[PDB]
Amino acid sequence: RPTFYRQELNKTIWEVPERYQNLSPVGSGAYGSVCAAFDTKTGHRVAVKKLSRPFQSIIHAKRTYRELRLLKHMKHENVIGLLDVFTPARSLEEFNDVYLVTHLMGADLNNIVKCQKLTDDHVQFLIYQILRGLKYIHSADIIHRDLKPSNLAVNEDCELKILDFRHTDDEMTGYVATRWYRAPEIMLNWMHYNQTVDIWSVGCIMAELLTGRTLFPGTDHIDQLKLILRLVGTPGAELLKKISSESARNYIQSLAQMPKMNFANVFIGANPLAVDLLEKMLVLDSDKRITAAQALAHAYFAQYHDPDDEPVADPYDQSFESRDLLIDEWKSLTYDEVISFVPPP
Ligand SMILES: O=C(c1ccco1)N1CCN(C(=O)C2CC2)CC1
Ligand SMILES: [Cl-]
Ligand SMILES: [Cl-]
Ligand SMILES: [Cl-]
Ligand SMILES: [Cl-]
Ligand SMILES: [Cl-]
């Protein structure tokens, strides 16, 4: 057991191992209770997160367990990983607080996309890295569900990682970036969705890196659907059959039919190979979208593609998701995952 020390950070008593020095808050509350620190064991600048109210309800206790299981699994160059997890508790009986430690990057994609001139080579390398990380995430049967520029971290060499492993009705309402990258089948609860929702999001991100502009900046759910159908066309009878929501199917049929637009006339002057890949990602029927594994072999990525260095994940057991347990049973499972942590090489 390391020696712990105490200090007051943001109205809060933090108790951390001596290896972590110079703690100072970051994110202005956006990430939760998170501080930058210097890690004296590794020499890295790190992020230390102190969970708030981790075991306050059955729902909160299960969310704590889910977050720690996902972060312990993810071991890939293009995905956030866990450097450490600790508690100052010396037994299950006195366990209350959980702290998570990760690498901390320089900025998110929103900072670069808003403030930089991006070449076609920059767009090739950034989207290649998102797809390499997604091939790994999807191989474990994990769905991200929230890919957007604020969840993609980058360092000065243009190397990228995927963040955020919840959302409320109020959070998805009106003129908000929280909804602009969502696939239409999840935005409007059309059907049981699957991993194809993440490829819609990558298409929206790619289009914005190419133009400097949000692809579908809707003022509300209905305005955003009208922007999507003007580009990709209204649904045909095959996709309408698959909308298992009757009232959603009825509303779609009230709209005048529109053909798919010419993407070379929308993305004026872009690499033809980028236009081709956008046409394969931004397909209304999720069964017909390109997968991450197929997209890595597309000619747009010929400069970066290496089929011997695009790894897949170990198997991930998510059977706990269908399990009904008491608060103390979720808290005991979380404790065992804290004490069993093995740090990376
Ligand atoms: O690198 C970044 C970053 C840079 C720009 C936006 O996010 N992050 C912050 C959020 N993180 C956490 O809160 C981890 C639980 C510690 C660590 C990774
Ligand atoms: Cl220490
Ligand atoms: Cl990492
Ligand atoms: Cl504790
Ligand atoms: Cl964003
Ligand atoms: Cl597992």
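Residues numbered from 1 in each chain as written, not as in the entry; some residues may be left out. Chains lettered and ligands numbered in written order. Heavy atoms only, no water. Residues with missing side-chain atoms left out of burial classes, pairs and counts.

- Taking the PDB entry as the reference, the protein is identified by name as Mitogen-activated protein kinase 14 belonging to Mus musculus.
- What UniProt records for the protein under Cofactor is the sentence "Mg(2+)". (UniProt positions renumbered as here; feature names shortened; annotations may be inferred.)

What to know about the overall build of the protein
Here comes step 1: Scanning the protein from terminus to terminus reveals 13 helices and ten strands.
Here comes step 2: What you see for the protein is a C-alpha radius of gyration of 22 Å, in line with the 20 Å of a compact globule of 345 residues.
Here comes step 3: Seen through its principal axes, the protein has C-alpha atoms that stretch 65 × 45 × 40 Å. (Helix = DSSP H or I, 4+ residues; strand = E, 2+ residues; numbered from the N terminus. Rg over C-alpha atoms; globule rule 2.2 N^0.38 Å.)

A look at the sheet that holds strand β5 (residues 45-50)
Here comes step 1: The strand order across the open sheet built from five strands is β3-β4-β5-β7-β6, with neighbouring strands paired in antiparallel fashion. Only two strands of the sheet have a single partner each, and these edge strands are β3 (20-25) and β6 (84-86). Between one strand axis and the next, the sheet turns through 25° on average, direction left out of account.
Here comes step 2: Two strands pair when backbone bridges link them, and strand β4 (residues 34-39) and β5 are joined in this way by five bridges, in the antiparallel orientation. Residue pairing for β5: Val34 is matched across the bridge by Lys49. (Pairing = 2+ DSSP bridges. Axes fitted to C-alpha atoms, helices over the stretch in contact; angles between N-to-C directions.)

Some remarks on the sheet that holds strand β10 (residues 160-162)
Here comes step 1: Strand order in this open sheet of three strands is β8-β9-β10, and the pairing throughout is antiparallel. Lying at the two open borders of the sheet, with one neighbouring strand each, are β8 (107-108) and β10.
Here comes step 2: Sheet topology note: the β8/strand β9 (residues 152-154) ladder contains two bridges and is antiparallel. Looking at β9, one finds that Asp108 is bridged to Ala153.
Here comes step 3: Each of β9 and β10 touches helix α3 (residues 120-139); the most contacted strand, β10, lies at about 35° to it. (Contact = heavy atoms within 4.5 Å.)

Some thoughts on the packing of aromatic side chains
Here comes step 1: For the structure shown, the criterion picks out 16 aromatic pairs.
Here comes step 2: Ring geometry for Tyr20 versus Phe86: centroids 5.9 Å apart, planes at 25°, classification stacked. Of this pair, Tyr20 sits in strand β3 while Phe86 sits in strand β6, placing them 66 residues apart in sequence. Considered together, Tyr20 and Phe86 belong to a single accessibility category, that of buried residues.
Here comes step 3: Relative to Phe301, the ring of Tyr128 has its centre 6.1 Å away and its plane inclined at 55°; by these criteria the two rings are tilted.
Here comes step 4: What links up through ring pairs into an aromatic cluster is the set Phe4, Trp14, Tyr20, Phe86 and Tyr99. (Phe/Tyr/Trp six-rings, centres within 6.5 Å; stacked < 30°, edge-to-face > 60°. Buried < 20%, exposed > 50% of the residue type's maximum accessible area, 1.4 Å probe, protein only.)

Points about the nonpolar core
Here comes step 1: Core analysis: the biggest nonpolar cluster contains 85 residues, and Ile127, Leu131 and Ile205 have the highest contact counts within it.
Here comes step 2: Not counting residues within four places of it along the chain, the set of residues in contact with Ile205 comprises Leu109, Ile127, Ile130, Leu147, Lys148, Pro149, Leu152 and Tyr181. (Core = buried A, V, L, I, M, F, W, Y, C linked by side-chain atoms within 4.5 Å.)

Looking at the site of ligand 1
Here comes step 1: With respect to spatial proximity, the complete set of residues near ligand 1 consists of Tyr31, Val34, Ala47, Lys49, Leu100, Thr102, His103, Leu104, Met105, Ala107, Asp108 and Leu163.
Here comes step 2: Residue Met105 places a main-chain N or O atom 3.0 Å away from an oxygen atom belonging to ligand 1.
Here comes step 3: The set of elements that each furnish at least two residues to the shell around ligand 1 consists of β5, β7 (99-103) and β8.
Here comes step 4: Residue composition of the shell around ligand 1, by class: eight nonpolar, two polar and two charged. (Near = heavy atom within 4 Å. Polar contact = N/O pair within 3.5 Å; in protein donor to acceptor, adjacent residues only side chain to side chain. Nonpolar A, V, L, I, M, F, W, Y, C, P; charged D, E, K, R; others polar.)

Points about the environment of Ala295
Here comes step 1: Among the structural elements, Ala295 can be located in helix α12 (residues 292-296).
Here comes step 2: Residues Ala295 and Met281 lie 14 residues apart in sequence; the distance between their C-alpha atoms is 8.8 Å.
Here comes step 3: Those residues in contact with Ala295 that lie beyond four places of it in its chain are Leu131, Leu277, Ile290 and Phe301.

Remarks on the UniProt feature "binding site: ATP" in the protein
Here comes step 1: Mapped onto this numbering, the UniProt entry annotates "binding site: ATP" at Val26, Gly27, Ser28, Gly29, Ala30, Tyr31, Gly32, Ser33, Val34 and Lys49. In sequence the annotated residues extend across 24 residues, while in space they remain close, none of their C-alpha pairs exceeding 13.3 Å.
Here comes step 2: Position of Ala30 relative to the elements: it lies in the loop between β3 and β4.
Here comes step 3: Exposure remark for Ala30: the relative accessible area of 66% places this residue in the exposed category.
Here comes step 4: Topologically, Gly32 is positioned in the loop between β3 and β4.
Here comes step 5: Relative accessible area serves as the criterion here: at 36%, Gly32 is assigned to the partly exposed category.

A closer look at the side chain of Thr64
Here comes step 1: Within the secondary structure layout, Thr64 lies in helix α1 (residues 58-73).
Here comes step 2: Assessed through its relative accessible area of 7%, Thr64 is described here as buried.
Here comes step 3: In this view, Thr64 contacts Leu51, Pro54, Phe55 and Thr334; residues no more than four positions away in its chain are not counted.

Description of the pattern of salt bridges
Here comes step 1: Tallied over the full model, the rule gives 16 salt bridges.
Here comes step 2: For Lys49, the salt bridge identified is with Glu67, shortest N-O distance 2.9 Å. Separated by 18 residues along the polypeptide, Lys49 in strand β5 and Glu67 in helix α1 bring together distant segments of the chain.
Here comes step 3: Take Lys49: its relative accessible area is 21%, and that puts it in the partly exposed class.
Here comes step 4: Here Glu321 ties to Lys62 by a salt bridge, and the two come within 3.8 Å at their closest N and O atoms.
Here comes step 5: Among the charged side chains, a network of salt bridges with common partners joins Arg19, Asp39 and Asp84. (Salt bridge = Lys/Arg side-chain N within 4 Å of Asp/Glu carboxyl O.)

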